[PDB]
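Enquirer: Could you work out the structure for the sequence below:
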Amino acid sequence: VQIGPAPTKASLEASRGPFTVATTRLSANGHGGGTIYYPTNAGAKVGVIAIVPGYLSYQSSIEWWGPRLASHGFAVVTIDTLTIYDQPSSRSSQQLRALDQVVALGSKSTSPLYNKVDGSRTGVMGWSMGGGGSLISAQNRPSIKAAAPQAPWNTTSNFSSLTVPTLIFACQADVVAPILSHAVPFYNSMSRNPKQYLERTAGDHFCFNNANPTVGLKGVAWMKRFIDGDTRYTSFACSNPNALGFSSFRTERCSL
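Expert: Numbering: from 1, shown residues only. Next comes the structure:
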């Protein structure tokens, strides 16, 4: 599907895409509740992205993605977890529940999301333990169309089964999830999928939590290309962004 205008570097670096963003609450049901960001004027049904925070953290740590992605044509739910101590596998379960519940609101005539969402097109994102959780979600539910975790943290690194297109945002100087034992092994384990690695120069573990323009371009382009199948975004999704402030870029099985 092709939603919205032809993309440009400027339009993807901008604070917002073309659409106006509303919100509605996701009640706590097997997670800590969330906010659903959605476009009011996409003109067609949109896919769903669920985003999960890190250890000891709340929705605010991942919130900037909500309006950013929603304004380009996605329903984006940012959740709190059952507890702030929850580990990656629990965060994955909660993320999948949030996806399913947003999809179900799209079929509820009393929901603001009624007739606005397409449950056949879904993605997962998240930070830190929620980034590990997003890789776990993609591993456990291969019908997901795209994953784009940031500063992912996980105690194991065998993501070789993944078939989901996966972009890893990595923080070069991360002390919490050091890249040589977390992000890089996670990336290297993958061989069956379109995949990408983008590393922020001298970044600490929180380096993706505050709305960088290249990060925003990449996350939207990856989700457009792989959730929507929108080949207008292939060049933005697959290319080195050639941006100041990034120390490494790698991609495979992301052609043209």
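Enquirer: okay, CA-based contacts and neighbour counts for the rest of this
Expert: Noted.
Enquirer: And the strands in the stretch 1-150 of the chain?
Expert: 21-26, 34-39, 46-52, 74-79, 117-127, 146-150 (DSSP state E, counting those that start in this stretch).
Enquirer: From the chain's centroid, how far away is the shortest one?
Expert: Counting by Cα atoms, centre = their mean, to the nearest Å, strand 146-150 is centred 4 Å from the centre of its parent chain.
Enquirer: now for the following helix or strand past that strand, which elements pack on it?
Expert: Reading on from strand 146-150 to the C-terminus, the next helix or strand found by DSSP states H and E is strand 166-171. In terms of contacts (3 or more Cα pairs under 8 Å, 6 or more residues apart in numbering; DSSP states H and E), strand 166-171 is packed against strand 146-150, helix 183-189, strand 195-200.
Enquirer: List the strands paired with strand 166-171, with their directions.
Expert: Strand 166-171 sits in its sheet next to strand 146-150 (parallel), strand 195-200 (parallel), going by DSSP bridges.
Enquirer: thinking again about what came up before, looking at the helices and strands packed on strand 166-171, which one is packed in the most?
Expert: strand 146-150 (a mean of 29; mean count of other Cα atoms under 10 Å).
Enquirer: ok, back up a step: okay if I get the strands of the stretch 1-150 of the chain as a markdown table plus distance to residue 161?
Expert: Below are those laid out as a markdown table (distance: least, Cα to Cα, whole Å):
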| stretch | distance to residue 161 |
| --- | --- |
| strand 21-26 | 31 |
| strand 34-39 | 30 |
| strand 46-52 | 21 |
| strand 74-79 | 26 |
| strand 117-127 | 17 |
| strand 146-150 | 14 |
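Enquirer: Ok, which of those strands comes nearest residue 14?
Expert: The closest of the strands of the stretch 1-150 of the chain to residue 14 is strand 21-26. By Cα to Cα, the value is 14.8 Å.
Enquirer: and the closest residue in space to residue 255 that isn't next to it in sequence, what are its phi and psi?
Expert: Once flanking residues are discounted, residue 255 sits nearest to residue 238: 6.6 Å by Cα to Cα, 6 or more residues apart in numbering. Main-chain dihedrals, residue 238, degrees, to the nearest 10: phi -100, psi -20.
Enquirer: I'd like to know how many residues surround residue 238.
Expert: Residue 238 is flanked by 23 other residues according to other Cα atoms under 10 Å.
Enquirer: was I right about it contacting residue 249?
Expert: No. Using Cα atoms under 8 Å, residue 238 is not in contact with residue 249, being 10.5 Å away.
Enquirer: what residues do the two have in common as contacts?
Expert: Counting by Cα atoms under 8 Å, 6 or more residues apart in numbering, the contacts common to residue 238 and residue 249 are residue 196.
Enquirer: Quick one: closest of the strands of the stretch 1-150 of the chain to residue 85.
Expert: strand 46-52 (12.9 Å).
Enquirer: and the closest one, which strands flank it?
Expert: If you go by DSSP bridges, strand 46-52 pairs up with strand 74-79 (parallel), strand 117-127 (parallel).
Enquirer: which ones are touching the spatially most central residue of the chain?
Expert: Centroid-nearest residue in the chain: residue 125, 2.9 Å away (criterion: Cα atoms, centre = their mean). Contacts for residue 125 (Cα under 8 Å, 6+ apart) come out as 49, 50, 51, 52, 131, 134, 147, 148, 149, 150.
Enquirer: Now do the helices in the stretch 1-150 of the chain.
Expert: Here the stretch 1-150 of the chain has its helices, by DSSP state H, counting those that start in this stretch, at 9-13, 65-73, 88-105, 129-140.
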